[PDB]
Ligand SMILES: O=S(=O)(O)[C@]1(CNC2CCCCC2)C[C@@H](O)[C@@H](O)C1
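One chain comes next, on its own, written out as structure tokens in the form deposited without the ligand.
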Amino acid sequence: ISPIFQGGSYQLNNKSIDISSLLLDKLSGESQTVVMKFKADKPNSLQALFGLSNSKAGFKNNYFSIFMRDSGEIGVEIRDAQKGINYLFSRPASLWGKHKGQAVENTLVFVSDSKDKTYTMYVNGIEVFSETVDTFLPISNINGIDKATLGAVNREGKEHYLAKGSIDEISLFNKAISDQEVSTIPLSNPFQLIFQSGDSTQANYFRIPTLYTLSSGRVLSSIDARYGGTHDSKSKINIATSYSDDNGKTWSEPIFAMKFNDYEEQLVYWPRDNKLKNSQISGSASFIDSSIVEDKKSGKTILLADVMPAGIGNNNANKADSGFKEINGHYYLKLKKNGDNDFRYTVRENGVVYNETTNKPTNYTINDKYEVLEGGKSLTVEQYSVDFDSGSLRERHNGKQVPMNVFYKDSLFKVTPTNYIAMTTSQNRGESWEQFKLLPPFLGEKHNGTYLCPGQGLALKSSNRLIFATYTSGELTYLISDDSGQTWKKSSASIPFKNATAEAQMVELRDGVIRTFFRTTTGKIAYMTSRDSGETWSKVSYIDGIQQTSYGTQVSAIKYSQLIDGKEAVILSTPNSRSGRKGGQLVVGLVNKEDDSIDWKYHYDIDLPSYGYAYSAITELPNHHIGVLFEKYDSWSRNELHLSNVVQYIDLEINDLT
């Protein structure tokens, strides 16, 4: 299983390199594998790394190419005019540019398999596309191929798609190497994966990463395990967690912190074509947006997430209703029975379902898992599975029964179609999680619930106080517990925005002094300050020197434990761009002890300004390195939906940042 061609140390400086004499006559049979280790830290807008072409006049559309874009997209073209074949396969956000200042060696493996009629592309150990066709075109079998080229494609005698970069190593094989053999090829990745396609979650997609360093030194991560592509609810989403006991070097197989069972956990390849990419799992309950904190006193870890029932709806479901009924100073979860046109039930004390019209209790109770019991017996519903077998999304019963939950479409009793917040705890630092409990309404019976700010909660250094930031229209709403999360109270902090996705994260600058950085609609990150451990909040200011888009992106933030240039330091993680979710940065700010103002002194580029960077999580690791888990793609863009293995983890040292 040896190369028919092997070469390296090619410099692509806007001048193609001819390797036709070396390669062309070696090509034989209809299956080929290309292995290429390359750097491109200053790419042109659109460039080919490798071309096989008919360079003759009139045959400009007869070539094979491996190309990239300065957005980080990778692809191939496979074209033959006489055969009437014009294949283009690609995936956005497939590349690295730079890491710690140095050009990243990307490892690219392209397999053209005539027997399976399939083209498969791997970059950096990640499969980014695998495409089967009815009419297979061997790359070697393009009519009149007479040029093998590095760093351009020769069409009619001219250099198209000129590249800037380098190819440190390239090998070709007259065989389609197995997925197994692919996995044995050495990689030089700057990142690692915590959560990934095919792991225990069986989600093909992940979003909304979090990171938190526990007092034992265990580092914990939570994430949205997203099943129906990368869409926000409506979809099927569970909250998964993983932890590292060796400063981020390795990570446990994920488990669920919050899960529903109404729909099967399926690993699905979500269509990316314009006609089908907006298909959505539409009848599933789900979670979305998790946040983690650790309680010094009990030692427990606490995880909150938004919860959504299957009946949720983007506009008329359900602002102006909390889903609870106030009865004598207390709040009770409302319920609608199959058949009624209003919510004539509540879940009163010990989960007894009461009929509000008659105030009489019923023979139904709700257990700890929000499951329905009749006379003490567990009611069930049939699970759903999804498929695109018929050329469109279908959601159908799969024969399997699962406990009946009030969040489900098929349930006898349903909650209000609105967003809630749930809380779970772990007593073993993320080895297992309790059944979740809904938090009560904070803004009243008739206000819909606030939205959890994903990332971290705040454990104040000097007290037992726990704080989770949430948002709603017109304010941040901080949730405050002084009793290990048994009871919560709110602290409202008005902001000058209506319907902003005001995702907020907090740092403690010094004892009792909290600064909250948050997402806005102004193109600038905002902040407010509290000096009484979250009781009251200042007016809103904005950060200069960092740009976000009009719609903005989540910002992650930590207080670094060590002095930098002799001052207290805060590190922010955000895209730095007014155009899209790209140009990732860690920004180091130094605190001015005179006024608690922050001088944003150091900007570290995570990767190229044009390479994707969206939601993020940062934590100070126990060894004082910085851990970063982040969406490495544009999670807003309608062109970069449903990509696998783009949430990645890196390790950095402060010297890297400065």
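The term rigid core refers to the maximal set of C-alpha atoms that superpose within 1.5 Å between the two forms. Don't overthink the numbering: it's just position in the shown sequence, from 1.
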{"property": "144 to 152 against 307 to 315 - segment lying farther from this form in 6 other deposited structures of this protein (CA RMS, rigid core fit)", "result": "307 to 315"}
{"property": "More variable segment, 119 to 127 or 356 to 364 [Cα RMS over structures in 6 other deposited structures of this protein, core-superposed]", "result": "356 to 364"}
{"property": "Per the entry, higher mean C-alpha B factor between 22 to 30 and 604 to 612", "result": "22 to 30"}
{"property": "410 to 418 versus 354 to 362 - greater average Cα B-factor per the deposited record", "result": "354 to 362"}
{"property": "Member of 458, 500, 267, 303 with the greatest C-alpha B factor (per the PDB record)", "result": "500"}
{"property": "Of the residues 294, 113, 159, 127, the one carrying the largest Cα B-factor as recorded", "result": "159"}
{"property": "B-factor third for the C-alpha atom of residue 62 within its chain", "result": "middle"}
{"property": "Third of the chain, ranked by Cα B-factor, where residue 168 sits", "result": "middle"}
{"property": "Ranked against its chain, the third holding the CA B-factor of residue 384", "result": "middle"}
{"property": "Residue 617 - which third its CA temperature factor falls in, relative to the rest of the chain", "result": "lowest"}
{"property": "Modelled-residue ranking by C-alpha temperature factor, third containing residue 263", "result": "lowest"}
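Keep in mind that the form deposited with the ligand bound is missing from the display, and what follows is about it.
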property	result
Clash check, the ligand transplanted in the bound PDB entry by site C-alpha superposition, 2.4 Å backbone/C-beta	open
Contact flag, residue 26 vs the ligand in the bound PDB entry, heavy atom cut 4.5 Å	no
Any non-hydrogen atom of residue 373 within 4.5 angstroms of the ligand in the bound PDB entry	no
Proximity of residue 110 to the ligand in the bound PDB entry, heavy atoms at 4.5 Å	no
Distance check, residue 204 to the ligand in the bound PDB entry, heavy atom within 4.5 Å	no
In the bound PDB entry, the residue from 71, 213, 533, 426 that sits within 4.5 Å of the ligand by heavy atoms	213
Candidate from 36, 628, 621, 40 lying within 4.5 Å of the ligand in the bound PDB entry - any heavy atom	621
Which of 28 to 36, 589 to 597, 51 to 59, 613 to 621 lines the interface with the ligand in the bound PDB entry (heavy atom within 4.5 Å)	613 to 621
Residues of stretch 444 to 465 in contact with the ligand in the bound PDB entry (4.5 Å, non-hydrogen atom)	456, 459
